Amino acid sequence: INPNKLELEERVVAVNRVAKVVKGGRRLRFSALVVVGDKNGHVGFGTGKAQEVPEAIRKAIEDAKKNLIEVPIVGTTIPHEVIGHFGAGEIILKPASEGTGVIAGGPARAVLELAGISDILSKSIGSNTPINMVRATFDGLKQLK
């Protein structure tokens, strides 16, 4: 999908290192996890590593823009149930009626909102750390038809 044709929102979901999980701070080597999307069925996530937090975020954004997927959305929800599995993360995603909300943990909620989903039920069945939730939610999204 060509990123440059899309107006993409960029969220920072996790930032690691100093007292390990900072979500954004200072001193020695850092990695950021970023999810970007256009609220209209196009999301991507990326990872970046550098000695400074701003560079690691800039690199995570360039990476996400290269890993953009397109997701089918019907109304405000997804066309059918799906189970994402990536590494230690595994998440069940189900259609919900207009009015439910994105019932999901924050890293997963980031991915769902930037894809443009507004009502969905999700059940985490594995690691709840950000990298695992994000990569498994992604995996689920890629399976929709």
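Quick note: we count residues from 1 along the sequence shown, nothing fancier.
- Here 60-68 and 110-118 are compared by their mean Cα B-factor, and 60-68 comes out higher.
- Mean CA B-factor, 18-26 versus 126-134: the higher value falls on 18-26.
- When the CA B factors of the chain's modelled residues are split into thirds, the value for residue 93 lands in the middle one.
- The deposited CA B-factor of residue 100 belongs to the highest third of values across its chain.
- The entry lists a Cα temperature factor for residue 51 that places it in the highest third of the chain's modelled residues.
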